[PDB]
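[1] sharing the initial chains of the complex here, in place:
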Amino acid sequence: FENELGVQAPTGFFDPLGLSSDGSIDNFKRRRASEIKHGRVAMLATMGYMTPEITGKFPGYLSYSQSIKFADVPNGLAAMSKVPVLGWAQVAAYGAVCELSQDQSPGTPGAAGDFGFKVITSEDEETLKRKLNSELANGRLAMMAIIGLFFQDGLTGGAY
Amino acid sequence: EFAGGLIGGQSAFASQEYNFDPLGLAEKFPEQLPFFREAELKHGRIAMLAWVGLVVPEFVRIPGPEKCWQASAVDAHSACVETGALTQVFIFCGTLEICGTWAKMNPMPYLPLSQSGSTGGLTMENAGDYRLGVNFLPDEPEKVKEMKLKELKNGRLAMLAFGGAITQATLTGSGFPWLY
């Protein structure tokens, strides 16, 4: 399996044991959807780890009923136990309307990261290649940095 | 076509019309569309008058029972309901609304829509047409369409303007400039 937007500059078909059968195109398509979704979520999560620190936490409350404030929710893994769980349920609802609105069954465009977002799309198939591989490489670096920040918060006891 | 050929979807730039309906209510409810335009034009007219009535009293106020008239916009309404001014305004507006809209809309105005249904009196053509001041219309269809578009644009602008004005006045107070 080559040409599938996965081989980059400092690396090739990086599989110490990945793609164990070196086939099973259905498994590989599922893994492609998995990796692209993981990368997008990670990029967002690292983004949201480094936004509150470099740009002060939101000015509002985030909970008028529970008297919580944005400036009172700690940044990092501790926020999961501070954000009101109705808020996490609403985040789950947004994830649902973001996952179940458009189908992502195998074969469908949803199974290839094609959720019709565009906005930062391009025009030429080579420019398409550039944008897609940029997104994928940034997502891999994201995943790495996001689990790194997870462990930094877990061990150091704070955001950094 | 889009929205049954109603006026209001025109964009400012060119023949590339706006046709703003992200949720697609016009396509989902084409037979309820005259009602939608009736509501839109009514809200726009009420909002024009409401923004003008938020601005003007900051300049000149009628002499009255001194509790409703000598008050700010945000706290006017309660005192005016108490003074008996807004109750007479409600009598006037209710008579106008019942007769005009409830008879142009319901073929049996002596019956609620649960019993009459129908609601065929509101056609697409006579949506905002209450036959009031129709002699002031230009005598050509193109400028009639342009004037209707002007009314709709100013009505939407007045809706948003009144919403912002009342929200800022509640937040801050002040007069015509509702800034902090």
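    Great, that's in hand. Residues are numbered from 1 along each chain as shown, chains lettered A, B, ... in the order given.

[2] quick one: contacts for the residue nearest to residue A:139 when sequence neighbours are not counted?
    Setting aside the residues directly before and after it, residue A:139 is nearest to residue A:39 in space (C-beta to C-beta, 6 or more residues apart in numbering or on different chains), at 1.8 Å. (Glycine included, C-beta is placed from N, CA and C.) Taking C-beta atoms under 8 Å, 6 or more residues apart in numbering or on different chains, we find residue A:39 in contact with A:135-136, A:138-140, A:142-143.

[3] 10 Å instead, please
    By C-beta atoms under 10 Å, 6 or more residues apart in numbering or on different chains, residue A:39 lies in contact with A:113, A:135-143, A:146.

[4] residue B:53 too?
    Residues counted as contacts of residue B:53 (C-beta under 10 Å, 6+ apart) are B:73, B:76, B:162.

[5] and the end-to-end length of stretch B:24-44?
    End-to-end distance for stretch B:24-44, by C-alpha to C-alpha, to the nearest Å: 21 Å.

[6] buried residues in that stretch?
    Of the residues in stretch B:24-44, those scored as buried under the neighbour-count criterion (16 or more other C-beta atoms under 10 Å in any protein chain shown) are B:26, B:33-34, B:36-38, B:40-44.

[7] enumerate every residue touching residue 2.
    You didn't say which chain, so I picked chain A. Residue A:2 sits next to A:12-13 when contact means C-beta under 10 Å, 6+ apart.

[8] please go with chain B instead
    When contacts are counted by C-beta under 10 Å, 6+ apart, residue B:2 touches B:9, B:17-19, B:21, B:26-27.

[9] chain C comes next; put it on the structure above:
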Amino acid sequence: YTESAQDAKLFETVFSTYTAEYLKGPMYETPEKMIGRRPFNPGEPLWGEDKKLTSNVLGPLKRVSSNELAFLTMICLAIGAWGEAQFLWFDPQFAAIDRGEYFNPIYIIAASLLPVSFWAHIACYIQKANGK
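    Chain C goes in next, on the same frame as the chains above:
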């Protein structure tokens, strides 16, 4: 030709079958067939030969898509469950009445949406089964 009794029964069967298949069409014009009595409403057949409900059974929202109805019913279910829970158990409103203060209108308005969610999800499945 010495018509048989079985031939007479055959003619009776033919007459009954022809009448039955003929009175259905617009050539009998009886009060039963008037719109809102027995027929299926002109342009809105509710179900076909197979007893599968068509999108016409939804009425005004006969063209609201399945995804939109699913979102509508899920939001209504969530809001109604929140209102019901906040009215009955969490911050009970009857106990608030016992405190001398009025109800919270938000809870009642929210809890009003549960049967909305019920009929909305039924309509959502009707739309999904019709490909809408």
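
[10] ok chain C is in now, so what about the contacts of residue A:39?
    By C-beta under 10 Å, 6+ apart, the contact set of residue A:39 is A:113, A:135-143, A:146.

[11] for PyMOL, write the select line for the buried members of those.
    Here the buried members of those are turned into a PyMOL selection, burial being counted by 16+ other C-beta under 10 Å:
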select buried, chain A and resi 113+135+136+137+139+140+142+143+146
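
[12] with distance to residue C:121 and secondary structure added, can I get the contacts of residue A:39 in TSV?
    Conversion of the contacts of residue A:39 to TSV gives the following (distance: C-beta to C-beta, whole Å; DSSP: H, G, I helix; E, B strand; the rest coil):
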residue	distance to residue C:121	secondary structure
A:113	30	coil
A:135	36	helix
A:136	38	helix
A:137	42	helix
A:138	39	helix
A:139	35	helix
A:140	40	helix
A:141	42	helix
A:142	37	helix
A:143	37	helix
A:146	36	helix
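
[13] could you dump the contacts of residue A:39 to a markdown table with distance to residue A:85?
    Output for the contacts of residue A:39, formatted as a markdown table (distance: C-beta to C-beta, whole Å):
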| residue | distance to residue A:85 |
| --- | --- |
| A:113 | 30 |
| A:135 | 32 |
| A:136 | 33 |
| A:137 | 35 |
| A:138 | 31 |
| A:139 | 28 |
| A:140 | 31 |
| A:141 | 31 |
| A:142 | 26 |
| A:143 | 26 |
| A:146 | 22 |
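
[14] closest to chain C among the contacts of residue A:39?
    residue A:113 (19.7 Å; C-beta to the nearest C-beta).

[15] ok, the closest one - contacts?
    Listed by C-beta under 10 Å, 6+ apart, the contact partners of residue A:113 are A:5, A:32-33, A:35-37, A:39-40, A:104, A:132, A:135-136, A:139.

[16] and chain D, same structure:
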Amino acid sequence: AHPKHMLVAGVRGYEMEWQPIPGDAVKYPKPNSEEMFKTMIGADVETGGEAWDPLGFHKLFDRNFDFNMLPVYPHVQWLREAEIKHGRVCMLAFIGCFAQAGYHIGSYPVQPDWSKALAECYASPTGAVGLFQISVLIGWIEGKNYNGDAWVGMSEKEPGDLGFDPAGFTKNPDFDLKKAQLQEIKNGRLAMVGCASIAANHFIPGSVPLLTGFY
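    Alright, chain D goes in next:
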């Protein structure tokens, strides 16, 4: 015979019908049941290598045609679907009963006892939201895999065939899926027996002589 209309249930010439869901076409079920039972996964050595169904619960759908020509009793396909679902739910329930007593995850009230955790999480303001999320997720994954039509033996899907197989199973040339299905079914029955034992111990102490100190 009787005309095309006026045909309901016991009238001669009435083809059996099955349309419980408003929005789905009418389905006409054949008896089957016994025919599907004769070629059905299960029936291992523990009961003599034959399909152990005393009381004839798999034959009642065939007897529906004799009782009232109505789908009152489930098809054997529905019985296998229910057995699979019960087995999976009981596996999870057994693991949960023996994991809640030692582990705690969320902001739920601390209740190691399994018989009280459900109610105490109902009462929790920050437990009701979580249980609502669990309920909506279960409802989604249950209505998506509605089966339901297995009640009359036409499910178009083998029992317990939700859209869930992250590993390479059901696709590898090896790993005979018949043995995996038999293992799943038998472990599910075992987990159901275990859950029944847990309930009996909770109600009648000393019933199962291995969970005497258990909740």
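
[17] try the contacts of residue A:39 again now we have chain D.
    A:113, A:135-143, A:146.

[18] 6 Å instead?
    Residues in contact with residue A:39, defined by C-beta atoms under 6 Å, 6 or more residues apart in numbering or on different chains, are A:139, A:142-143.

[19] hmm, stretch D:114-121 touching chain C?
    No - Stretch D:114-121 does not reach chain C (C-beta under 6 Å from any C-beta of the partner chain); its nearest approach is 11.9 Å.

[20] could you list the buried residues of that stretch?
    Neighbour counts using 16+ other C-beta under 10 Å place D:114, D:117, D:121 of stretch D:114-121 among the buried residues.

[21] can you give me the helices for the chain?
    With no chain named, the answer covers chain A. Assigned by DSSP state H, chain A shows helices spanning A:25-54, A:85-99, A:125-156.

[22] that's the other chain; I wanted chain C
    Assigned by DSSP H, the helices in chain C fall at C:5-23, C:66-88, C:93-98, C:105-111, C:114-129.

[23] residues of chain C that sit close to chain A?
    Counting by C-beta under 6 Å from any C-beta, the residues of chain C near chain A are residue C:67.

[24] what residues does chain C have near chain B?
    Within chain C, the positions near chain B by C-beta under 6 Å from any C-beta are C:63-64.

[25] ok so, going back, dump the helices of chain C into a markdown table; add mean neighbour count as well.
    Formatted as a markdown table, the entries for those read as follows, by neighbours: other C-beta atoms under 10 Å in any protein chain shown:
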| stretch | mean neighbour count |
| --- | --- |
| helix C:5-23 | 10 |
| helix C:66-88 | 19 |
| helix C:93-98 | 12 |
| helix C:105-111 | 15 |
| helix C:114-129 | 19 |
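
[26] many thanks, we can stop here.
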